[PDB]
Structures are given as structure tokens and as C-alpha cells.
Amino acid sequence: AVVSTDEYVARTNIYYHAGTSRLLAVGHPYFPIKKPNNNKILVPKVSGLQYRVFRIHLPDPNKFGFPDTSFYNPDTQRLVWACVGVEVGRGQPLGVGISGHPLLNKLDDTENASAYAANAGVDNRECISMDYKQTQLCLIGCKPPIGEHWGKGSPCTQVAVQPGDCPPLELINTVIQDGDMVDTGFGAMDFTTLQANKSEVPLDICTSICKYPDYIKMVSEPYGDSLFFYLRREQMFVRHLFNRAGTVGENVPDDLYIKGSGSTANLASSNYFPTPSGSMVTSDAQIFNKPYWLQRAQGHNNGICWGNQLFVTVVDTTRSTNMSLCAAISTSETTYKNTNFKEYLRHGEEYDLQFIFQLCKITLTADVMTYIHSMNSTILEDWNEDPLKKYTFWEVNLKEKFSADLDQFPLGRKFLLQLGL
Amino acid sequence: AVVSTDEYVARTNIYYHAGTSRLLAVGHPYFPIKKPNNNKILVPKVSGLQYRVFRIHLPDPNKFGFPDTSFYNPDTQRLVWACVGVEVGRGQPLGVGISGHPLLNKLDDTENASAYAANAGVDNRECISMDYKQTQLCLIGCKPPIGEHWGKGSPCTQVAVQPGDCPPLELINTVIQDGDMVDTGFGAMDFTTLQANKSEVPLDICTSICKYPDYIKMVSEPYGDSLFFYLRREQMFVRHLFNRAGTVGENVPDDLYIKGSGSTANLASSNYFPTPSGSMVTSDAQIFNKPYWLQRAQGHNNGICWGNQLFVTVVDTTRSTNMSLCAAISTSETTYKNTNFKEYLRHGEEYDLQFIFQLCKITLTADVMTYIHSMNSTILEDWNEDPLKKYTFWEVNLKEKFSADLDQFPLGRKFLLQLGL
Amino acid sequence: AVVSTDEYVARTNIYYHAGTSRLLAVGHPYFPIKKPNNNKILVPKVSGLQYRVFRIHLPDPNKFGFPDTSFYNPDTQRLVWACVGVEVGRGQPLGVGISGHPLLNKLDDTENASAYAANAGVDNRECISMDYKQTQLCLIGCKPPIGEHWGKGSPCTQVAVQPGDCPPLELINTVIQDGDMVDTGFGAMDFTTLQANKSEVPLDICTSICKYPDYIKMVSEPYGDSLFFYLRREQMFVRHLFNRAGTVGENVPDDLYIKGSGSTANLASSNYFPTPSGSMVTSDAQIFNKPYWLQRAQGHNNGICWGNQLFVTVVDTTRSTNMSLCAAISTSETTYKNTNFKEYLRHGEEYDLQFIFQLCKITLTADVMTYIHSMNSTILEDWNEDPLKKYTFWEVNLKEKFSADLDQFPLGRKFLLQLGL
Amino acid sequence: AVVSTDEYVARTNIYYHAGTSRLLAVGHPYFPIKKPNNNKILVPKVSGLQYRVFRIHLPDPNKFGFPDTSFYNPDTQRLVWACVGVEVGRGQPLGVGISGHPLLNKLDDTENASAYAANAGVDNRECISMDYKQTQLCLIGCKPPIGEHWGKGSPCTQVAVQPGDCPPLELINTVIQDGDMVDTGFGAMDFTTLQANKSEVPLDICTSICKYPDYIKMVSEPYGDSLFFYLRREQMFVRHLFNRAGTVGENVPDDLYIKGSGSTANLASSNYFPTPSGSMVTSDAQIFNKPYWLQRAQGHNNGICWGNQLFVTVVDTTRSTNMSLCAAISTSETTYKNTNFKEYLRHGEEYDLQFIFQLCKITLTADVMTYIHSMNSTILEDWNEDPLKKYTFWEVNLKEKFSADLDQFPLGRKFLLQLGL
């Protein structure tokens, strides 16, 4: 049976504040800029539509050097940091980005037509952009976040997949890594392996995987380490209604309509797809720049940072403004020439993480050691190499950032005022 | 006279949690894919616009094996499960679908015209799509849900129906089955028997019946078993205003206008129809992924699951995203060809039901047996074959899912915390 | 001086529930279908834009047969029913209708023009539709509801009305009858007598009178019998901005502009008119399917149903969906032909009225008789033919619907729970 | 360690009211009007999109002449004004402005296209306007406000910047000055040094720097003098989706798409940019003409106006209406001629600042003098020239505006009523 950490984890009266200076990220909104002949990344892809997964490293409270150490017995017990307050600071002005594709698979406008559309020739793709669905979310736990997305399932060993045959779907659980893309209105799926077309969606998700947090699975999790607190806010509406060029993968059963004739003789593509639009962004609706007090967790792990680790996943598309900056090739002629200016695109993201940690002690009794051992053997082994080296996240080191004077920091003042004593 | 179940049903102190693992549904959004020559369904129709009716099967508390059985007398009484908490988990990202028809009966745009429209020739149908009206609803009871819709009434034995004559209407009460369609903006009616046209609405409801919960009837129900709790949220607005091609079934009385001339000599179709649009979808407006505490029912049946059955009807169009996936017929040519890619459409739905049940006991006195007998004789007969075999619903078996440790589940934790003791 | 009914009307402890089974109305949305040669109505006009005025008939409490009659003295006093609770149940799914005119007087689009519009020829009318303004209202009283609308006032005996002269206006108070039309965005006026054109507004109000409840007058009413409770909710916005064809009735004073030339030599019609639009409809904004507890009236008549009558006026345009149903003239050809199909329009309305009545007694003293006599002499005359035979309303007979077991009805349970004892 | 001012600053019982008469600003909305040959500003640039930074000068409480001076010892202590109440009065009607550029770099409309756009020739710029993003904000502190914006960072000494190379970005902290521009939907950047084009954004920000308050930095500030209170409200949505003419600065990696052919042979600009739009403006959402009670500051400086200074930064775009006024060159001809009228643009801003100040005393002990000295040596030096002469701001002198009769002023009455005693 699993039990609340309040059972075996003791709460001391010591509290420390810790915070990143001010994280900054600048890059291209749709794709990374690199050397053609090479593969080294010159400029990274930085978009408001990516997940930001912070791997927070905390100083081992056992190796730490406290002024006083009488508050516990280093023989019978051990120390763990407990996250009690978080403030995800965001810093650019609110605004909305925009993404498109120079060759988006968009046949005709199906929202309203005055006459039957022409006939699909060869490549009817259009240069089209859209404003993705708005999403604000924040996940916190001591394990990395887990997402879900549809990918190409493995086929059954029977009917040889005829080329062009529709690929099988399969919900795939994955670890959400820093830089991954968020569903933008086309759902959470792997567009690379599910759209040979390479033109169904804008460039920035075009050959990526849009993942959605698997909130159900994470909360079902027995120990609840992956996430002990979260805030989600997503909205979207249909801006345009389009058609997809290409060839009928699956024909429309003729029991659903009466055959046409002349122009209506041939059925137009009924493979419709809408254009998303996350409406207006607003201050009143902000999730960030507000402190979160993680006092009572819904899971059994009440904010204990086992492994002196801490994960903070964020997605904020309310500051997705991309800025175009163009340089002149020549500063002479007083006559505009499109050829005289090189146009570019850049997007900047500004973060500032702040936390309030509470020191905790665990008397290592038999039962306790059996439990903690079953839960996660590494806990004890590490007490008196990186298991997720495969995955990548924004590494954040706070070992030198802890301070006992909450007084001296904004999140700290807030905390004292909130908790009174 | 009918009486509250609180009268004859005794509440014990035992509570169990039960839940589906994670239900998943994948198929085509508009129609089922099957073998042409055949009739066997290869891929089912799965849309966010269908009703999901779950037939929940509970283990018979009387046959059940409790650790202690002193809490009641198996001679004078019997046991029944009482639903006290429900959590309808939903799992895909929020989003809006879209449905159309390659040959929708849409003459001209009547929202604004600069000159009198041409003249209806033969087949002026257009390939048109739309975003259906938004609907969120959840019905819970121990009897299947009942809907209403307009269908073709039986004609009066007199005036021989001339071909093309307008068919008579009749509100028809029906059992809402799993897979049925929800009103999408064209009202709740049987389009197959009321529109020979087969082109008045998008493919997905085109030859179906859109039903609406008959809330009035169900609440009027004397015992109130069909539904002892519900949540409804629907919104819709007019996106476009169109005209219907075809021939005047009923002419406009000339006392309503002044005859035209030249172009305006001939009256244009005044058989207008609007295009629906369920606006933006939002988190703040979510109905699911929130626990429902069925403590005081408005009906006389206060959540007693007679027959160890339980019905959970759901409709959620806030995750109706359809994903288009296309496969290349050839992976050679570096030049796009619509001919080289087969386009398809698929829609996925993710559910996760969770419940908290309270054991109850009934002392089988005379009066009680008389009442329960009148109410539903099968109750007693079953105590110490399926009556709805005709209908189809998502069968859910929970006989092996009950657990006494609410502690170990998310809905369970929520429940304890909520009910304190 | 007038006095509250609380003064002379005594409240007993007896309560009865009464309700219509389920009222249903089906017809054509814009006009009634009848035999051309004849005048008998074959199909009635049923639109979500009409007022529904219910004339509720109650069993005379004096003639009524109560199990116990000791609660009052049939010699010194009399009995009257007092309305204490109402539930206006609505039953179709939420949705928006749409109305137009094949020959609407709409010259050009004045919302935005790139060049000066051509020139009005003969009949520039267009086939145009619109979504009326949204309106939800409910009026309750023991006297029929009173409305206001602008009509053609009587001319002053002087200057002979030159043909085409603008007709004089006059606010006209009228009795709101069942079937009347509600202001739809063009205000409350008599379009028949104020618009010879017969093409200024859609067909459904085109030759009717759109009336608006005269709330001011009704509340000023001394005894306040016409309405002792009401709920109103109306919203509207400008969808399009148009011009009216026709000839200048009143010229634009030239001190308001500088003469043009060439094309701008001739002034375009500045007789603008906007197209209304009641935005989105929503559950959260529903007024019905909620009980109304008429405990404290703002008028002196506190819900006393003098004459054993009761009026319930309703307007609900949140379920104005019109459904087009078309029948094929031939079931052969597999090729669509507009002509093979007769298109029609039908609209259905579903109601369910429920009430909770409280028996009351009046000791017929001198003063009381003088007062009641002045107020409405018929009261006393009827105690120990229809005065509104001229008007027509949905007649509702409840004489056989009263029940002392509130327990057995939904509105009843609600009432008990609400009033505790 | 830093400490709350409540520690060393004593609060007296004296309160004074002070207010500007009514500030007024009139000028051209987009740029300043000046003599061509000259450089002297004839008409200034006044727009609702500029920051308004007020440098409030207060009379030295030490030099001040109070009726009674027994409340403190001028030998052991000193006096400082503490801001306790502020009312930023605004006076024009609510309304929205609009800004454009006669030669905006806008290739084609990428929101929806029916055929592949032509080909960029030379100068495809269009005359385009837009309604900027709505912003309401108010910053108060005893130090000038600090902003952030992206500018051209210094290059690394290596790869010689090829002409036209994309310039490096760098977040630059600056002092926000009166007249500076607010992010308008294109983010906070220096368009002059980052856009050689000179046509990427409307004229009014075209060669300016749009700055955003660096809230993060200011609140992190140890003493918290820069801002001890603030209110921010910003909203924005995408109105249009466009393309940028010019030449590819960075090419689209070919692994993101399938080469086209014929028309789609050449990739269209995928340098998209959206047109902002701060929606509707409303009274209910007003931030001004409301009093702000600065009682508990989140910073350590609790509203103490060291240096007898006070900074009030404001941005209000809810009254950005620009008014066009044109004068006729000739008052003769009765025929309109565009050449006869000179069209102009002017915008007016109306302010009215009001404050309530509380007298405070500081006993100059050793420790106190050490602290205050470290914090800001000038404090003590000034006690018993301008350090920001380089910056500019709306200078406001209140030395002759203090009044002890709060009673006689609107903010004063409000204060008394609010604080009771």
C-alpha cells in the first residue's frame, strides 16, 4: 500500500529561498538555423509553442552546510528538500505569434462557395499561416512529465500494407522533453510518421511531434512523483474551414448521397480540416507571475523532492510574439528594392524561476527503509550517473542559490506574509 | 405513492472505489469504413459528436465476498450499491472538429447579395463544411437515457399523400444508444426519413438521427431511475446564412409582398437555413475531470443502482479534433503530386471513468417487498437474460474493479478529503 | 388607496401542484400554409419569435372538493388560489433560427464601398436573410400582458396628406395575444400600416406587428394584476449596414454637405438600415427550466389569481431552430435534379408548465367587499361569459390537474426542499 | 540585509493632499511637426501609445512650514513624505486610435489564398493601418521606472559580419522616459537598429523603441524603490496574417517540405507577421479614476518618497482616439475638390493626478545613518544638481499644492471615508 509522505517525512522549521537569475532564450521560431554542409546548430529553434522542461538541481541537504545541525540526528535520519512555494516569472510583453507553411496542403475554401470548385491538378498547395491555439500550463513534480500523442502503430501480420494504405494509430506515452512542441490545434500526434505529405501543417510542427500532458496517467501514478501540482488553461476556435488536396484514401459511401452530374459529377475532397485560432490573450487570464503554494498535494508525494531534483514544466503561448528584423545589403540607393533587404525572424523567451523550500527529516527505521527502498531504491543508495541521460531538458543548477533570508526576496516576502509565522 | 430511497434503503459505512483502466476509441469521424462487397465494419465511425452511453456492470453485493459480513442479516435483508461519486476523465487535448458534405444543398449566400442571384439549374450543390454546435453533457442513472427527436409521423387516413407532399412531424421518444448523434445545430430530427435530398446536412448526421435528451420526461419519471444527476452545457451561433435549392414545397402567400419584374419577377428560394458554429472551446468551461458528488438527488431514487447496473451518458465536443493522416504511394519523386498521396481522416476519443460506491442494505419487510415489487419486480426475482439486448451501449465491466482502499486512488482521495470522515 | 393583498387575503397551509402534460406546437416558421381558394388554415405559423400567452384555468377553490373544509367558514369567507411557484419547462435543443425575404428592400452595402454605387433602377430588391435579436422573457400575472408598438397615428385636420407623405406615428398600447411577434431588431412597430413597400423586413414580421411588453405601464398599474413577476433578457448587435432603395421622402438639408459632381453629383440613399444579430445562445444564460418563487411581489397583488385565472407570457428565441425537410417526387434516377425534390420548412416548440398554488381565504367584511368591489366587481359576482373573447391565447385547463402530493412532482420536491416546512 | 521601512520610518498623524490642476497634452499622433530647414519642434508627437512618466516634486518636509512642530525633534530626527493614496484621473472619452504606414512591408495575404501568389517585384509595399494592442498600466515608486527591449547586440570578434547578415539580439535594460513608446503588438524592440527596411511597422513606432516594463527586475530590486505599487492590463489578438517582402535571410531547410514545380517551384516568403488588434475598450475594465491605497507594499520601501520625489508612470490606450481636422484653402466653390482641403491629424491627452501624503519621521541613530547611507548616501547629504538630467520626464511641481484639508478634495474625502479615522 502507498502512503502519504506526511506519514514518514518530518517537517522542520527551516526554510530556504532559491531562484534562477533570469533565464533567456533566443532563436528562430520555426526551425533551427545551421550550416548546410554541416549539422552543428548555429541558431536554435525557440518558439512560444514549445514545452520548457526545467531539471532543477538542488544541493544535497545532507552534504549541505547548515549553521546549526542540532535539529536532527545524522545517524538515525536523513534530510530531503520539500517544495512549498513556486513562482514562474515570465518577462516579455503579452502577444500572439503566428506560423505557416509556403506549401500548405489546402485545396479550396469550404466555408462558403458560390460554385463548384475547379479540379485538383498537380500541387495546389498555398502559402498559408495561422494563429495557433492558446495554451498555458505548469506541471511540477520530482519526476519528468509524461505526455501522450498518436503515432504510427505496428501493423498486424496479415494483409500486406498496400502502398498508400492508411497507417494504423496508437496512443504513445513519452517523456516530455524540453523543446518538444505543444498541440497547436491539430491535436497531439507525430506528423512526421503520420503525414508523408510534409505539408499538412505549418513548418514549426511539420516534422515534429505535438505532445499533450497525460494528466490521467500521471495522477493515477501510485506514488505521484511525476506531478504533485499543475495548472492548465487552453482555448481554441475555428478560424477557417478548408479542403485537403491529394487522393481519396477512403471513398465516401454512396448510400450517403445522390450522385451528381456535369460539374457535380465528381465528388470534391471531403477531407476537411479547420484552421485553429487561440483568441485574444489577456493579463486577467495569466497563470504566471503569481506564487503557487504547494501545501496539500492530491497525490501521496506531498512535494518531496526525492533525489534533490525537481521538475518544472511550462508552456506559455501568451507571449509568442515573433519579431522580424531585416538588414540592408546596401545603405546607398534611396529607392526601396526588395532585393536590397534580407528578412529574418527571431523569437525571445524570458523566464525567472523562484522557489521556497522546507527542510525535512526521515528517521530511517526498518519499515521506512523497506518502503523507500521499494518506492525507489536509488533514494537510499544515494544517501549515506544520470538515469535520464537519454532525455534533454533545460538544466538548472541551484546548489549555490539557496538562502535562509526569505526576507531578501520577493517570493520570500510573499511566503512569510502568506504563512504568517 | 412513490417515496425517496432514503426511506427504505439503509446506508452502511462501507465504501468502494471502482474505475475503468482507460477507455480508447479510434475510427473515422464521418462514416464507418467497410468492405464494399461485404458489410463487416473494418473501421468504425468515431466522432466527438456521438453520444457515449456506458452500461456499467457492478458485482452483485450479495454474491460479493466481503471480509466482514456482520454488518447485516442475509436473512431479513439484501444489499445494493449506491453511487456516491463520479469522475468522468477525458484525455485528449481540447480542440474543435469540422464536418461537411461534398454536395450540400446550398443555393446562394443570402447573408448579403449585390445583385439578384442567377437561376437554379440542375444540381447547384456545393462542397461545404462547418463547425458544429458545442455540447457538453453527462447523465447518470440506473436506467438507460431517453431522447427526443422529430421524425415522420403517421399520416391521417384521408387526403392521399401526393408525391413530394411535406411529410408530417411527430416527436418521437427513443432510447439513447451508444454511437447515436447529438443535435449539431440543425435540431434533433431523423434526417434519413425527413430529407430525401440526402444533401441537407454534412455526411456524419446526413443519414442518422440527431437526438436530444428528453430532460423533461426523465425528471417527470415517478421513480427517477433513468437519471438522478446531470450536467448540460450547450452553445451555438449563426456563422452563415444560406438558401436551399430545390422546388417550392409551399409557396409564399402573395399578400406578403409586391410582385417583382424582369429579374425580380421570379421569387428566389426563401427556404433559408443557417450554418451553425459552436464558438471557442475553453478549459475554464470544462465539465469533466471534476468529481461529481451525488449526495442529494432531486428524484426519489437517490443514486441507488438497482440491478447492480449504472448508466453514464456523455457527449463532449470540446475535443473533437480530427486528424488527417496521408501515406505516400511512392517514396521516390522529389516533386509533389496529389496523385502520389492517399489522404485519410481519423478521430480519437479517450475516457477514464471512476466511481465511489456506498454499500446499502434493505430489510425485506412486507411493505418494502410490495413497493419494490411494484416499482420493478425484477429486483426481488434477481435477489435470493438482458432486458435491453436490442439496444447497444459501451459495455463496461467493473465486477473485478472494486477496491476498499479509496486511499489508493485519485477519486478516492478526493472523496475522503471531501467527506472528511 | 390601494393596499397589498397581504392585508385582506389570508394564507392557509394547503398547497397544490398543477402542470400541463407537455404542450407541443408545430408549424411553418414564416407564414401559415392554407388552401389558396380557401382561407382555412392547414398548417399554422409557429416561430420562436412569437409570444406565447397562456391563459391558465384553475378549478374554483370554492366549488373544489377538499378532503377537509374545517380550515375556513364558507359563510363569512371565500377562497382564492395564490401562485407561489412556477417552472417554465422548455424542451428542444438550443439553437438559432433565421428569417429573410426574397425581395428585401436592400440597395447597396454601405458598410464599406470602393466606388460610388451605380444608380437605383426599378426594383433592386435582393433575397436576404438574417438572425434576429435574441430575446428571453417571462411575464406572470392574473390579467393578460400589455404591449406597446408604433403604428400610424391619426392625422391632424389641416394640410391634406399628399400621397406618399410620411405617415404620423403614435405609440399604441395593445393586449399581447398568443402568436403575436416580438421585436426582432427593427423595433416594435406595425409594419403593415407603416410600410407600403411590403419588403422592408423578412416575411415572418413583414405584415405583422412586433410588440414590446410595456413594462413601465404594467408596473405603474395601481393594483398590479397584469404582472406580478417577470424576467427579461434581450441582446442584439449590428451584423450588416445597408441602404434602402426607393425615393427620397425627405431630402438631406444641403447645409450638411458640399455638392458633389460627376458620379457624386447625385446623392445616394442615406436611408440606412442595419441587419440585426442576436449573438450566440448559451445554457448558462437560460431563464427557463428553473423554478421561480413568487414570494414577495413588487406590486400590491402578491400573486393572487383573482377569477381563478393566471397568465404566463413567454418568448424564447434560444430554440428557434427551423428544420428543412424535403421529399422526393420520384425515387428513381440516381442523378440529383433540384426539381425532383420539394423543399419545405417547419419549426417545433416544446413547453411544460408547472405551478405550486397556495390556498387563501378572504373574510368578506364590509370594507373588504367595498374594496374588492371597486377593484374588480366581477370577483364578488362570480363568488357565491368570457370578458376577453375578442383576444386569443393558448388555453390551458388545469381544473383536473391539481394534486396535494407535491412530493410526487419535480417542481413539488423543489418547493418543499426550498421552503423547508 | 535590507529591511522594511516600517522598521526605521515612524508614521505621524499628519496627512496632506496634493494634486495637479489638470494636465493637458496635444500634438500629432505619429510624429512631431517641425520646420524642415530647422529642427525646432513646432508640434510635438502626442499618442495614446506613449508612456507618461511623471516626475513629482514634493516640498521638503524639513524646509516646510508646519503650524505645529512639536510632533518631532529636528535635532535627533528628520522628515520624509510617504505616499498613501493615488488617483490617476483621465479625462477624454474612451476610444480607439489607429496607426499605419503608407509603405508597409506587406507582400501578400497569407490568411487564405485561392492560388499561389505572383512574384515579388521591386517594392510591393502597401498603405496599411491597424489598431494596436490595448494596454493600461500604472507604476509608482520613488525611482524612475525601468524597461526592457531587444536591441542589436555587439558581435563576436570572429566571422566578419557579411552585409545583410541577421543582426544579433540582446535584451537591453533602459530607463523608461516620458514619451517612450509601448509595445504595440510587435513586441518590445528597437526597430530603428533592427529594421533597416524602415517599413516593417507603422510610422509612430517605425523609428522608435517600444519598451516593456521590466517588472521582474524592478521587484527583485533589493530596496524596491523603483516601484512599490503597480497595475497592468494588456490584451491582444491577431487581426490579419501577412507575408514580408524582401529576400530570404535564412532559407527554409528542405527536409521540411517537398519541392514544388511550375508555380510552386519557387517558395513564397515564409516570413509571416500578424497584424495586432486590442479589442473593444470598456468602462468596466478601467484602471484609472479609481483611488489606489498604497498601505502594504510588497517591497521593503513602503511608499517612502526619499528625496521628496515620486514617480508615476502611466500608459492608457483606452482613450487613443485621434481626431482629423481639415481646413479649406478656399471657401468659395460649392463643389468638393480634394485639392481644396488640407487634412491633418491631432490627438489630445487629459490627466489629473491626486495624492494623499503621510508625514513620517526618522530618528537619525548610528545604525539608521549607516543603513540609509549605504542605501542612498544622497538622502543624508541632502538633509540638514539633478542626477537624472540626461533623462526626460513630465515635470510636475507640487511644492505649492499641499493642503492639510483633505476634506476639501475628492481624493481627500475618499481617503477619510476609507480610513475612517
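So that you can tell them apart, the chains are marked A, B, C and D in the order they are listed, and the count of residues begins at 1 in each.
Here is the rule we use: a contact is a pair of C-beta atoms (placed from the backbone, for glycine too) under 8 Å apart; a residue touches a chain by one contact, two chains touch by 3 or more.
By chain, UniProt protein names: A, B, C, D = Major capsid protein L1.
K.L.:
Minimal path length between subunit A and subunit D through chains that touch?
P.N.:
When the steps are counted carefully, the minimum from subunit A to subunit D is 1.
K.L.:
Match interface A-D to one of B-D, A-C or B-C, accepting only the pair for which over half of the contact pairs are the same residue numbers.
P.N.:
Repeat interface, by the over-half criterion: B-C.
K.L.:
Let me have the rounded angstrom distance from the C-alpha centre of subunit C over to the C-alpha centre of subunit D, please.
P.N.:
The answer is 53 Å.
K.L.:
In whole angstrom, what separates the CA-based centres of subunit A and subunit B?
P.N.:
Taking the mean C-alpha position of each chain, the two centres sit 33 Å apart.
K.L.:
Among the residues of subunit A, pick out those that touch two or more other chains and give their numbers.
P.N.:
103, 108, 122-123, 125, 197, 199, 258, 260-261, 264, 279 - these are the residues of subunit A that touch more than one other chain.
K.L.:
Work through the pairs of chains, note which ones touch, and then classify the graph as line, ring, star, complete or other.
P.N.:
Contact map by chain: complete.
K.L.:
What pairs of chains are touching here?
P.N.:
A-B, A-C, A-D, B-C, B-D, C-D
K.L.:
For a test of understanding, state which residues of subunit D touch subunit B in their complex under the given definition.
P.N.:
My answer: residues 258-261, 264.
K.L.:
If you look only at subunit A, which of its residues touch subunit B in the complex?
P.N.:
1-2, 103, 108, 110-117, 120-125, 133, 148, 150, 163-167, 169, 171, 183, 185-189, 194-197, 199-200, 212, 214-217, 219-220, 222, 232-238, 241, 243-250, 252-253, 255-258, 260-264, 267-274, 276, 279, 298-299
K.L.:
In the complex, go through subunit C and note every residue touching subunit A.
P.N.:
334-336
K.L.:
For a test of understanding, state which residues of subunit A touch subunit D in their complex under the given definition.
P.N.:
Residues 22, 24, 26, 28, 30-31, 33-34, 43, 89, 91-103, 108-109, 122-123, 125-131, 197-199, 203, 206-207, 240, 277, 279-284, 289, 321-331, 335-339, 341-346, 348, 350, 352, 405, 407-410, 413-414.
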